[PDB]
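For the sequence shown, our numbering begins at 45 and goes up steadily by one. We put the beta carbon where it would ideally sit given N, CA and C, even for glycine.
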Amino acid sequence: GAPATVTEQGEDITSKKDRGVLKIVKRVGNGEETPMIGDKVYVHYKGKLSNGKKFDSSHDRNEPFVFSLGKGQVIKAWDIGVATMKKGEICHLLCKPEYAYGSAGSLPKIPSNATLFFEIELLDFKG
Ligand SMILES: C=C[C@H]1CN(CC(=O)O)C(=O)[C@@H]2CCC[C@H]1N2S(=O)(=O)c1cc(Cl)cc(Cl)c1
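Laid out in structure tokens, this is it:
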């Protein structure tokens, strides 16, 4: 399925080249511009655990998730991966625990040592 495909066939987008964040572009976005640090970014997403459970979905809430890019308001894999996206792009991200919730996890939903899968759509970004 999609998590296996991004694990086996995804691009390492880390600066360390440690395969901690892997990406596949699913839907090509607009032009060349990507958001910059500090921008307000608007996304839709879904998250799955490695046991196949969906743990989160913005579509199910009928409202995008909004954050300031590159400020540690989200797990590192998101600050790294969203920064690579064009407006309108949809991508898959595979997030090793060092770029997510680590050995702590995040009670109740995220276990210790969790690899996470996301599908993310960048809706918009504004200075
Ligand atoms: C639910 C909102 C965010 C939570 N955070 C911020 C934080 O944990 O302080 C995140 O960094 C990431 C990425 C942005 C979207 C949300 N997750 S999440 O999907 O990994 C997540 C979902 C849920 Cl239901 C619980 C938890 Cl702990 C994390």
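Ligand 1 heavy atom lying under 7 Å from the CB of residue i
i, result
"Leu-137", "no"
Residue environment, residue i, which counts as buried when at least 16 other CB atoms sit within 10 Å
i, result
"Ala-158", "buried"
"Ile-81", "exposed"
"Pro-152", "exposed"
"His-103", "exposed"
"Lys-92", "buried"
"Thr-49", "exposed"
"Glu-76", "exposed"
"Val-72", "exposed"
Element boundaries [alpha helix (DSSP H), containing residue i]
i, result
"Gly-125", "120-126"
"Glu-52", "46-53"
Residue i (DSSP reduced to helix, strand or coil)
i, result
"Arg-71", "strand"
"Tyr-143", "helix"
"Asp-104", "helix"
"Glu-76", "coil"
"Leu-113", "coil"
"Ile-81", "coil"
"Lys-97", "coil"
Start and end residues, beta strand (DSSP E) containing residue i
i, result
"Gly-91", "84-92"
"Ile-154", "No beta strand (DSSP E) contains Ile-154, which DSSP labels as neither H nor E."
"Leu-167", "160-170"
"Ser-59", "Careful: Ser-59 lies outside any beta strand (DSSP E) and carries neither H nor E."
Under a criterion of Cβ closer than 6 Å to any non-hydrogen atom of ligand 1, which residues qualify, in chain order?
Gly-91, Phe-99, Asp-100, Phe-109, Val-118, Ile-119, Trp-122, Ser-150, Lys-153 and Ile-154
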